[PDB]
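Summary of the model geometry
In case you want the letters, here they are:
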Protein chains: 2
Amino acid sequence: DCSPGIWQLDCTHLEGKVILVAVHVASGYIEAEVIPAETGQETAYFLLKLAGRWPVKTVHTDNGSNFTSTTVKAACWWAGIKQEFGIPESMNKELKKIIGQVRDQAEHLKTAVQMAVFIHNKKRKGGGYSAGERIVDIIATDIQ
Amino acid sequence: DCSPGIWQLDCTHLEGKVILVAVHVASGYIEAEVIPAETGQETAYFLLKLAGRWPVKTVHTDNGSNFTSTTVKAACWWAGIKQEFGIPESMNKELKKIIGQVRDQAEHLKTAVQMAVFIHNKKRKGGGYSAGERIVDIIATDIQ
Ligand SMILES: Cc1nc2ccc(Br)cc2c(-c2ccc(Cl)cc2)c1[C@H](OC(C)(C)C)C(=O)O
Ligand SMILES: Cc1nc2ccc(Br)cc2c(-c2ccc(Cl)cc2)c1[C@H](OC(C)(C)C)C(=O)O
Ligand SMILES: [As]
Ligand SMILES: [As]
Ligand SMILES: [As]
Ligand SMILES: [As]
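Cut-offs and rules
Residues numbered from 1 in each chain as written, not as in the entry; some residues may be left out. Chains lettered and ligands numbered in written order. Heavy atoms only, no water. Residues with missing side-chain atoms left out of burial classes, pairs and counts. Near = heavy atom within 4 Å. Polar contact = N/O pair within 3.5 Å; in protein donor to acceptor, adjacent residues only side chain to side chain. Areas by Shrake-Rupley, 256 points an atom, 1.4 Å probe, with all protein chains shown as cover. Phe/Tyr/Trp six-rings, centres within 6.5 Å; stacked < 30°, edge-to-face > 60°. Helix = DSSP H or I, 4+ residues; strand = E, 2+ residues; numbered from the N terminus. Buried < 20%, exposed > 50% of the residue type's maximum accessible area, 1.4 Å probe, protein only. Least-squares fit on C-alpha atoms. Contact = heavy atoms within 4.5 Å.

Within the PDB entry, the label attached to chain A reads Gag-Pol polyprotein, and the organism entered is Human immunodeficiency virus type 1. This structure appears in the PDB under the title "HIV-1 Integrase Catalytic Core Domain Complexed with Allosteric Inhibitor".

This brings us to the site of ligand 1. The full set of residues close to ligand 1 is A:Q105, A:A106, A:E107, A:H108, A:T111, A:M115, B:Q41, B:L48, B:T71, B:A74, B:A75 and B:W78. More than a single chain frames ligand 1: its nearby residues are located in chains A and B. A:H108 places a polar main-chain atom, nitrogen or oxygen, 2.9 Å from an oxygen atom of ligand 1. Side-chain polar atom of A:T111 to an oxygen atom of ligand 1: 2.6 Å apart, as the coordinates give it. In isolation ligand 1 exposes 590 Å². Once the protein is present, 75% of that is buried.

Inspection of the entire model under this criterion finds 9 aromatic pairs over all chains. On the basis of an interplanar angle of 80 degrees and a centroid distance of 6.1 Å, the ring pair of B:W7 and B:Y29 is categorised as edge-to-face. Taken together, the positions of B:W7 in strand β1 (residues 6-14) and B:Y29 in the loop between β2 (17-24) and β3 (30-35) put the pair 22 residues apart, joining distant regions of the chain. The class for B:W7 is buried, based on a relative accessible area of 1%. Ring geometry for B:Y29 and B:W54: centres 5.2 Å apart, planes at 75 degrees, overall edge-to-face. Of this pair, B:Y29 sits in the loop between β2 and β3 while B:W54 sits in the loop between α1 (40-51) and β4 (58-60); the two residues are 25 residues apart in sequence, bridging distant segments of the chain. Judged by relative accessible area, which is 0%, B:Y29 ranks as buried. Here the aromatic cluster, defined as three or more aromatic residues joined through ring pairs, consists of A:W7, A:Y29, A:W54, B:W7, B:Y29 and B:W54.

On to the relation of the copies chain B and chain A, then. Copies of the same chain, two in number, are related to each other by a rotation about an axis and a translation along it. Each copy of the sequence occupies a distinct position, and chain B is placed on chain A by a rotation of 180 degrees and an axial shift of 0.0 Å, giving an RMSD of 0.0 Å. This pairing of chains is accounted for by a two-fold axis. Judged by C-alpha distance, B:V136 is the residue of chain B that lies nearest the rotation axis, at 2.8 Å. Same-surface contact between copies: 100% of interface residues of chain B are shared with the interface of chain A.

Rendered as structure tokens:
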């Protein structure tokens, strides 16, 4: 399906804390970080992080105002990301499911989150690669 | 050259702050994070993060005592990482070079670091893919 450089970025709340969640839409691969609160500075920094790892062409979000900080515009600018003016899923419900199941295993919400991300990116499809294998396949295919 | 699941993990110091630096040895691709101080908890958490993203088989370090926390052993255990009992470069000098050059562009050391990581992972070889393209090629090739 989708162009290999599109990502979706959003925040959920759990335990009084904010989770920032990136989804590479063609694969389903997520990365995620617990931040103390939703600020433009946290978003910018996460985008900077994401961009030096993957080819990030455009990012979409379900709250466009997330992206209005100058901080955030500065990060998109410097790393050459364009915003998605062009899409009018839920992993957030599912990753939240996975978090709920491991929460036991860890003291800090952040550990549970990364544990949940690990499980998600590694599960093979109901029948069939894993999100982790898919993102890498898609992005390599788009190289060679 | 090297097995696609080997990583090197180490810390450098700059500005009174600790930088944790992961290097995928077959590609030269790095990821990096500024942490407030070198603790076993920071290392564990970074490994958890790294492992849900890439297939991480073994990790090496230039300071084996970094890896003796139970916290750290717990993270390697849960994510199935083995430590490298089997290697007797410098990117640290080079990434530090790249940091020194961009430091100007940012207030916080952390931003400069991610900016430096971005530049590193994206530069094409002197003649020739980039570290970013290489890691993805290696890891996809080892899938199919
Ligand atoms: C604070 C902590 N203390 C521990 C003490 C003993 C053991 Br065995 C594990 C942990 C883990 C622990 C839990 C799970 C895993 Cl996979 C690895 C370590 C944590 C976790 O925090 C990090 C990862 C930041 C150190 C946690 O939140 O529980
Ligand atoms: C605090 C800060 N304030 C700013 C104010 C105006 C503008 Br234009 C950029 C920044 C940037 C800034 C600098 C570089 C880039 Cl690439 C993007 C934003 C930062 C950076 O911090 C992060 C990334 C955490 C927000 C920084 O350390 O300078
Ligand atoms: As957000
Ligand atoms: As943007
Ligand atoms: As370290
Ligand atoms: As280990």
